[PDB]
Ligand SMILES: [Hg+2]
């Protein structure tokens, strides 16, 4: 695979956002992967609506969490609106998907990374942004303000974020994660999580559950 990939270098990653007052990480992560395969297949970076998935993705639970593959299923069946035509309110509303103008971004299906294995994950990352899970409940994670993150954390994953790159940095393997906690957190909104090698739940269960949208 390439030894280092950064989708931000590619123009495939939109600015860091903030969830505000809502458990919508599932939606923000599915959004970010969909922006990325979007820019990769079409050349156009656009920002898409997290609020469409909070209000319309009925299998997820709004502002009380959700599941990145369901969201990704949602986009494959229904496509998904411009963040500007269906703006983010940080609470669960009724689904307005029908009433919103602008172009729909559409995908065709969902890719499941075979979990618990480093190279499977990077093979996916080396092709596009991937939705992954992490255990975020640990103080070290919530107070993370930069460096290669090795824990401590457990594998009780509770938070969906987006793998937007991976690489080696003054010799450690990491994965480059876009969080949705604002640019105040971590390295201006990103985290570099230590790569466990081969077959592993990953640092902080980083390998336990990886999905991406398929398109074009
Ligand atoms: Hg979360």
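The residues of chain A that appear here are 133-348 by Swiss-Prot count, in order.
The backbone N, Cα and C atoms fix where each Cβ goes, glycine too.
Per Swiss-Prot, the features are as follows:
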type: ACT_SITE; residues: 157; note: active site
type: ACT_SITE; residues: 291; note: active site
type: ACT_SITE; residues: 311; note: active site
type: BINDING; residues: 157; note: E64 binding site
type: DISULFID; residues: 154-195; note: disulfide bond
type: DISULFID; residues: 188-227; note: disulfide bond
type: DISULFID; residues: 285-336; note: disulfide bond
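Recorded features from Swiss-Prot, shown on the structure.
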| residue | record | CB count, 10 Å |
| --- | --- | --- |
| 154 | disulfide bond | 20 |
| 157 | active site | 25 |
| 188 | disulfide bond | 22 |
| 195 | disulfide bond | 18 |
| 227 | disulfide bond | 18 |
| 285 | disulfide bond | 21 |
| 291 | active site | 22 |
| 311 | active site | 27 |
| 336 | disulfide bond | 32 |
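Across the structure, residue 188 (disulfide bond) and residue 285 (disulfide bond) are spaced 33 Å apart at their Cα atoms. In this structure, the recorded positions that sit close to ligand 1, with a C-beta under 6 angstroms from any of its atoms, are 157, 291, chosen from 157, 188, 291, 336.
Looking only at the recorded positions 154, 157, 336, the one with its C-alpha closest to residue 291 (active site) is 157. Put simply, 311 is the one of the recorded positions 285, 311, 336 whose Cα lies nearest to the Cα of residue 195 (disulfide bond). If you compare Cα positions, residue 157 (active site) sits closest to 311 out of the recorded positions 227, 285, 311.
Residue 154 (disulfide bond) and residue 311 (active site) are 14 Å apart (CA-CA, integer value). Of all the disulfide-bonded residues listed here (154, 285, 336), 154 has the Cα closest to the Cα of residue 227 (disulfide bond). Counting only the Cα atoms, the space from residue 285 (disulfide bond) to residue 154 (disulfide bond) is about 23 angstrom. According to DSSP, residue 285 (disulfide bond) sits in a coil region rather than a helix or strand.
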